[PDB]
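Chemist: Take a look at start-v3.cif, mmCIF, C-alpha atoms:
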```cif
data_start
#
loop_
_atom_site.group_PDB
_atom_site.id
_atom_site.type_symbol
_atom_site.label_atom_id
_atom_site.label_comp_id
_atom_site.auth_asym_id
_atom_site.auth_seq_id
_atom_site.Cartn_x
_atom_site.Cartn_y
_atom_site.Cartn_z
ATOM 1 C CA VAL A 103 12.365 16.301 3.460
ATOM 2 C CA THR A 104 13.353 19.303 5.566
ATOM 3 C CA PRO A 105 11.667 22.726 5.602
ATOM 4 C CA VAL A 106 13.520 25.776 4.331
ATOM 5 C CA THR A 107 11.709 28.392 6.433
ATOM 6 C CA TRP A 108 9.773 28.104 9.676
ATOM 7 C CA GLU A 109 6.337 28.078 8.012
ATOM 8 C CA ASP A 110 7.255 25.136 5.744
ATOM 9 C CA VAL A 111 7.284 22.502 8.508
ATOM 10 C CA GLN A 112 3.799 21.200 7.673
ATOM 11 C CA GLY A 113 4.629 20.885 3.980
ATOM 12 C CA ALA A 114 7.829 18.941 4.628
ATOM 13 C CA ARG A 115 6.070 16.387 6.839
ATOM 14 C CA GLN A 116 3.247 15.799 4.350
ATOM 15 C CA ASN A 117 5.448 15.382 1.273
ATOM 16 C CA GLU A 118 7.996 13.157 3.023
ATOM 17 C CA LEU A 119 5.407 10.525 3.956
ATOM 18 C CA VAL A 120 3.832 10.561 0.488
ATOM 19 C CA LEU A 121 7.180 10.377 -1.314
ATOM 20 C CA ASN A 122 8.440 7.485 0.818
ATOM 21 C CA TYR A 123 5.135 5.630 0.433
ATOM 22 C CA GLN A 124 5.288 5.693 -3.371
ATOM 23 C CA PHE A 125 8.783 4.189 -3.476
ATOM 24 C CA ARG A 126 7.870 1.658 -0.781
ATOM 25 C CA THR A 127 4.786 0.242 -2.530
ATOM 26 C CA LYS A 128 4.571 1.398 -6.157
ATOM 27 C CA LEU A 129 8.235 0.622 -6.930
ATOM 28 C CA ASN A 130 10.826 -2.062 -6.215
ATOM 29 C CA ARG A 131 13.257 -0.022 -4.129
ATOM 30 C CA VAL A 132 15.961 -2.699 -3.936
ATOM 31 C CA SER A 133 15.870 -3.575 -7.642
ATOM 32 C CA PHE A 134 15.883 0.084 -8.694
ATOM 33 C CA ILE A 135 18.940 0.859 -6.553
ATOM 34 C CA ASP A 136 20.816 -2.181 -7.871
ATOM 35 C CA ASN A 137 20.181 -1.114 -11.464
ATOM 36 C CA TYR A 138 20.923 2.506 -10.533
ATOM 37 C CA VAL A 139 24.497 1.958 -9.345
ATOM 38 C CA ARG A 140 25.384 -0.776 -11.843
ATOM 39 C CA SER A 141 24.248 1.313 -14.817
ATOM 40 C CA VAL A 142 26.454 4.211 -13.707
ATOM 41 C CA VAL A 143 29.484 2.071 -12.844
ATOM 42 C CA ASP A 144 29.497 -0.135 -15.946
ATOM 43 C CA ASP A 145 28.492 2.354 -18.648
ATOM 44 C CA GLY A 146 30.253 5.314 -17.018
ATOM 45 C CA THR A 147 27.013 7.301 -16.755
ATOM 46 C CA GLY A 148 23.403 6.671 -15.782
ATOM 47 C CA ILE A 149 20.229 7.968 -17.424
ATOM 48 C CA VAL A 150 16.945 7.934 -15.493
ATOM 49 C CA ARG A 151 13.525 8.463 -17.074
ATOM 50 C CA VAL A 152 10.742 10.046 -15.007
ATOM 51 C CA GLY A 153 7.114 9.647 -16.032
ATOM 52 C CA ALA B 510 23.024 11.528 -3.808
ATOM 53 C CA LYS B 511 22.120 14.471 -6.042
ATOM 54 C CA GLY B 512 20.635 12.128 -8.643
ATOM 55 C CA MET B 513 17.985 10.996 -6.173
ATOM 56 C CA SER B 514 17.363 14.614 -5.156
ATOM 57 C CA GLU B 515 16.653 15.521 -8.785
ATOM 58 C CA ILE B 516 14.133 12.676 -9.013
ATOM 59 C CA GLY B 517 12.537 13.679 -5.716
ATOM 60 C CA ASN B 518 11.957 17.278 -6.787
ATOM 61 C CA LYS B 519 10.230 16.208 -10.008
ATOM 62 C CA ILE B 520 7.933 13.762 -8.206
ATOM 63 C CA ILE B 521 6.973 16.372 -5.598
ATOM 64 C CA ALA B 522 5.900 18.729 -8.384
ATOM 65 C CA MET B 523 3.883 15.917 -9.971
ATOM 66 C CA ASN B 524 2.322 14.999 -6.616
ATOM 67 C CA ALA B 525 1.019 18.563 -6.265
ATOM 68 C CA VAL B 526 -0.806 18.306 -9.626
ATOM 69 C CA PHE B 527 -1.807 14.705 -10.358
ATOM 70 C CA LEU B 528 -2.946 13.796 -6.816
ATOM 71 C CA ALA B 529 -6.308 14.763 -5.345
ATOM 72 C CA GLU B 530 -6.797 16.069 -1.814
ATOM 73 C CA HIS B 531 -8.494 12.937 -0.476
ATOM 74 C CA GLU B 532 -5.677 10.694 -1.725
ATOM 75 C CA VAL B 533 -3.118 12.628 0.328
ATOM 76 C CA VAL B 534 -5.416 12.604 3.368
ATOM 77 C CA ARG B 535 -5.664 8.810 3.256
ATOM 78 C CA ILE B 536 -1.889 8.436 2.895
ATOM 79 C CA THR B 537 -1.149 11.051 5.583
ATOM 80 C CA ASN B 538 -3.893 11.225 8.221
ATOM 81 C CA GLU B 539 -3.326 14.953 8.702
ATOM 82 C CA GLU B 540 -4.788 18.217 7.459
ATOM 83 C CA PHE B 541 -4.093 18.851 3.781
ATOM 84 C CA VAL B 542 -1.880 21.798 2.819
ATOM 85 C CA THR B 543 -1.977 23.226 -0.702
ATOM 86 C CA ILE B 544 0.668 24.945 -2.821
ATOM 87 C CA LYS B 545 0.171 27.587 -5.501
ATOM 88 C CA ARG B 546 0.432 26.155 -9.005
ATOM 89 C CA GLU B 547 2.618 28.968 -10.356
ATOM 90 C CA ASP B 548 5.040 28.472 -7.438
ATOM 91 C CA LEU B 549 5.962 24.921 -8.488
ATOM 92 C CA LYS B 550 8.750 26.286 -10.708
ATOM 93 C CA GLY B 551 10.883 27.135 -7.663
ATOM 94 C CA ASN B 552 11.361 24.789 -4.712
ATOM 95 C CA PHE B 553 11.248 27.648 -2.230
ATOM 96 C CA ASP B 554 9.805 25.712 0.708
ATOM 97 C CA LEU B 555 11.217 22.178 0.345
ATOM 98 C CA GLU B 556 14.601 20.453 0.435
ATOM 99 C CA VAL B 557 15.191 16.866 -0.700
ATOM 100 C CA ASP B 558 18.050 14.582 0.327
ATOM 101 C CA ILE B 559 18.619 10.911 1.069
ATOM 102 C CA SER B 560 18.049 9.527 4.563
ATOM 103 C CA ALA C 510 14.783 -9.034 3.196
ATOM 104 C CA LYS C 511 12.533 -7.441 0.574
ATOM 105 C CA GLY C 512 11.504 -10.864 -0.722
ATOM 106 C CA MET C 513 9.899 -11.694 2.616
ATOM 107 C CA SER C 514 8.262 -8.256 2.700
ATOM 108 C CA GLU C 515 6.641 -8.934 -0.677
ATOM 109 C CA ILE C 516 5.260 -12.230 0.637
ATOM 110 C CA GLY C 517 4.038 -10.572 3.827
ATOM 111 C CA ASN C 518 2.069 -7.889 1.994
ATOM 112 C CA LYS C 519 0.266 -10.459 -0.162
ATOM 113 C CA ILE C 520 -0.681 -12.612 2.836
ATOM 114 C CA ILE C 521 -1.995 -9.594 4.759
ATOM 115 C CA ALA C 522 -4.300 -8.769 1.847
ATOM 116 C CA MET C 523 -5.473 -12.389 1.764
ATOM 117 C CA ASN C 524 -5.990 -12.420 5.541
ATOM 118 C CA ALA C 525 -8.357 -9.450 5.225
ATOM 119 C CA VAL C 526 -10.553 -11.369 2.740
ATOM 120 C CA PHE C 527 -10.366 -15.120 3.374
ATOM 121 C CA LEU C 528 -10.464 -14.965 7.198
ATOM 122 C CA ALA C 529 -13.630 -14.463 9.231
ATOM 123 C CA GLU C 530 -13.894 -12.156 12.233
ATOM 124 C CA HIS C 531 -14.136 -14.930 14.829
ATOM 125 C CA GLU C 532 -10.993 -16.639 13.517
ATOM 126 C CA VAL C 533 -8.934 -13.493 14.120
ATOM 127 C CA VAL C 534 -10.495 -13.034 17.567
ATOM 128 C CA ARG C 535 -9.435 -16.534 18.607
ATOM 129 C CA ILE C 536 -5.892 -15.999 17.307
ATOM 130 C CA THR C 537 -5.629 -12.498 18.819
ATOM 131 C CA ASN C 538 -7.742 -12.123 21.968
ATOM 132 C CA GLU C 539 -8.418 -8.462 21.193
ATOM 133 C CA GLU C 540 -11.115 -6.374 19.547
ATOM 134 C CA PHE C 541 -11.356 -6.943 15.801
ATOM 135 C CA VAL C 542 -10.507 -4.064 13.457
ATOM 136 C CA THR C 543 -11.723 -4.075 9.856
ATOM 137 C CA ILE C 544 -10.262 -2.595 6.674
ATOM 138 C CA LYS C 545 -12.113 -1.323 3.615
ATOM 139 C CA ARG C 546 -12.010 -3.794 0.736
ATOM 140 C CA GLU C 547 -11.209 -1.181 -1.918
ATOM 141 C CA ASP C 548 -8.283 0.063 0.204
ATOM 142 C CA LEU C 549 -6.396 -3.247 -0.017
ATOM 143 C CA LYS C 550 -4.700 -2.083 -3.230
ATOM 144 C CA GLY C 551 -2.478 0.334 -1.289
ATOM 145 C CA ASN C 552 -0.698 -0.580 1.941
ATOM 146 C CA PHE C 553 -1.341 2.839 3.438
ATOM 147 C CA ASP C 554 -1.474 1.778 7.087
ATOM 148 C CA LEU C 555 0.980 -1.140 7.351
ATOM 149 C CA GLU C 556 4.710 -1.756 6.957
ATOM 150 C CA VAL C 557 6.287 -5.218 6.765
ATOM 151 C CA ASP C 558 9.893 -6.135 7.536
ATOM 152 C CA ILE C 559 11.816 -9.005 9.091
ATOM 153 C CA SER C 560 12.397 -9.141 12.845
#
```
Translate the structure described by the file into structure tokens.
Modeler:
Amino acid sequence: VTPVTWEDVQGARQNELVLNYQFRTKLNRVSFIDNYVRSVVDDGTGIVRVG
Amino acid sequence: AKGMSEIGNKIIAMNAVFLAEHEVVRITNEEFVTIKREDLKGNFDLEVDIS
Amino acid sequence: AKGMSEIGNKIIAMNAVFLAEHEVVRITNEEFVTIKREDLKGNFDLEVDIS
């Protein structure tokens, strides 16, 4: 995460750590990526659900 | 690359609503910074890309 | 690589419960540091990877 303006530096640092933490612990990063590419390559398009 | 950016933007908006202040403080041992709720429509202050 | 990381996280949680203070002191000749029991659900402060 990179800030857009000079006053957004604090926000970028806070969100980047939180966002990386969730994928590191709450999700299987390796398995998700493997299904991510293979779904797009085989079916021609990939659909991701966010909840 | 853009597919992950789309997911990242949605999660950041969710993190600003469904996460309490103390939860972010524990994850990031820094001072908490808030964002206006009506400003979540536009990602004015953040940019998301893969590392 | 992730398979070993999954094993490492589980053992660290077990080490914080099933190991007494003096056992850690003998293994690591340093001051003992404790972790809150309810905080073991999230690996907020540790990252595990192969060397």
Chemist: Can you tell me, as a list in words, what residues are no more than 10 Å from region 107-113 of chain A when counting only C-alpha atoms, ignoring any on the same chain fewer than 2 positions away?
Modeler: residues 103, 104, 105, 115, 116, 117 and 118 of chain A; 539, 540, 541, 542, 543, 544, 553, 554 and 555 of chain B
Chemist: Per residue of chain A within 9 Å of chain C, record the nearest atom pair and its distance in Å to one decimal, counting all atoms listed in the file, with rows in chain order and ascending residue number, as a Markdown table.
Modeler:
```
| residue | atom | partner | partner_atom | distance |
| --- | --- | --- | --- | --- |
| A:123 | CA | C:553 | CA | 7.7 |
| A:127 | CA | C:552 | CA | 7.1 |
| A:128 | CA | C:551 | CA | 8.6 |
| A:130 | CA | C:511 | CA | 8.8 |
| A:131 | CA | C:511 | CA | 8.8 |
| A:132 | CA | C:511 | CA | 7.4 |
```
Chemist: Residues of chain B within 10 Å of chain C, counting all atoms listed in the file - could you list those as a PDB file with C-alpha atoms, in the coordinates of the input?
Modeler:
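Listed below is the output, part_3.pdb:
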```
ATOM      1  CA  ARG B 535      -5.664   8.810   3.256  1.00  0.00           C
ATOM      2  CA  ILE B 536      -1.889   8.436   2.895  1.00  0.00           C
ATOM      3  CA  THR B 537      -1.149  11.051   5.583  1.00  0.00           C
ATOM      4  CA  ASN B 538      -3.893  11.225   8.221  1.00  0.00           C
TER       5      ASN B 538
END
```
Chemist: Over all C-alpha pairs taken in sequence order, what does chain B look like after a least-squares fit onto chain C? Please give it as a compact mmCIF listing (two decimals) with C-alpha atoms, in the frame of the given file.
Modeler:
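Saved the output as result23.txt:
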```txt
# COMPACT_ATOMS: atom_id res chain seq x y z
CA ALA B 510 14.78 -9.03 3.20
CA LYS B 511 12.53 -7.44 0.57
CA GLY B 512 11.50 -10.86 -0.72
CA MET B 513 9.90 -11.69 2.62
CA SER B 514 8.26 -8.26 2.70
CA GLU B 515 6.64 -8.93 -0.68
CA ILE B 516 5.26 -12.23 0.64
CA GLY B 517 4.04 -10.57 3.83
CA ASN B 518 2.07 -7.89 1.99
CA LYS B 519 0.27 -10.46 -0.16
CA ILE B 520 -0.68 -12.61 2.84
CA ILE B 521 -2.00 -9.59 4.76
CA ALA B 522 -4.30 -8.77 1.85
CA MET B 523 -5.47 -12.39 1.76
CA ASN B 524 -5.99 -12.42 5.54
CA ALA B 525 -8.36 -9.45 5.23
CA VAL B 526 -10.55 -11.37 2.74
CA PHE B 527 -10.37 -15.12 3.37
CA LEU B 528 -10.46 -14.97 7.20
CA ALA B 529 -13.63 -14.46 9.23
CA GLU B 530 -13.89 -12.16 12.23
CA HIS B 531 -14.14 -14.93 14.83
CA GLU B 532 -10.99 -16.64 13.52
CA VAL B 533 -8.93 -13.49 14.12
CA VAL B 534 -10.49 -13.03 17.57
CA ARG B 535 -9.43 -16.53 18.61
CA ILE B 536 -5.89 -16.00 17.31
CA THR B 537 -5.63 -12.50 18.82
CA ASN B 538 -7.74 -12.12 21.97
CA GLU B 539 -8.42 -8.46 21.19
CA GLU B 540 -11.12 -6.38 19.55
CA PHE B 541 -11.36 -6.94 15.80
CA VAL B 542 -10.51 -4.06 13.46
CA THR B 543 -11.72 -4.07 9.86
CA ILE B 544 -10.26 -2.60 6.68
CA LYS B 545 -12.11 -1.32 3.62
CA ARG B 546 -12.01 -3.79 0.74
CA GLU B 547 -11.21 -1.18 -1.92
CA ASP B 548 -8.28 0.06 0.20
CA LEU B 549 -6.40 -3.25 -0.02
CA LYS B 550 -4.70 -2.08 -3.23
CA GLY B 551 -2.48 0.33 -1.29
CA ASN B 552 -0.70 -0.58 1.94
CA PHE B 553 -1.34 2.84 3.44
CA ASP B 554 -1.47 1.78 7.09
CA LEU B 555 0.98 -1.14 7.35
CA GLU B 556 4.71 -1.76 6.96
CA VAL B 557 6.29 -5.22 6.76
CA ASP B 558 9.89 -6.14 7.54
CA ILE B 559 11.82 -9.00 9.09
CA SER B 560 12.40 -9.14 12.85
```
Chemist: I'd like to see the residues matched by the PyMOL selection byres ((chain B and resi 524-529) around 9) on this file, and ideally I'd get them as an NGL selection string.
Modeler: (:A and (117 or 120-121)) or (:B and (519-523 or 530-533 or 543-544 or 546 or 549))
Chemist: Record the distance separating CA of residue 557 (chain B) and CA of residue 516 (chain B), expressed in Å with one decimal.
Modeler: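 Interatomic distance here is 9.4 Å.
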Chemist: How big is the axis-aligned box around all listed atoms of region 533-541 of chain C once 8 Å goes on each side, and where's its centre, in Å to one decimal, as lines of an AutoDock Vina configuration file?
Modeler:
```
center_x = -8.5
center_y = -11.5
center_z = 18.0
size_x = 21.7
size_y = 26.2
size_z = 23.8
```
Chemist: Which value, in Å to one decimal, gives the distance between CA of residue 559 (chain C) and CA of residue 547 (chain C)?
Modeler: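 Taking CA of residue 559 (chain C) as the start and CA of residue 547 (chain C) as the end point, the length is 26.7 Å.
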Chemist: Please measure the separation of CA of residue 119 (chain A) and CA of residue 514 (chain C), giving the value in Å to one decimal.
Modeler: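 Taking CA of residue 119 (chain A) and CA of residue 514 (chain C), their separation equals 19.0 Å.
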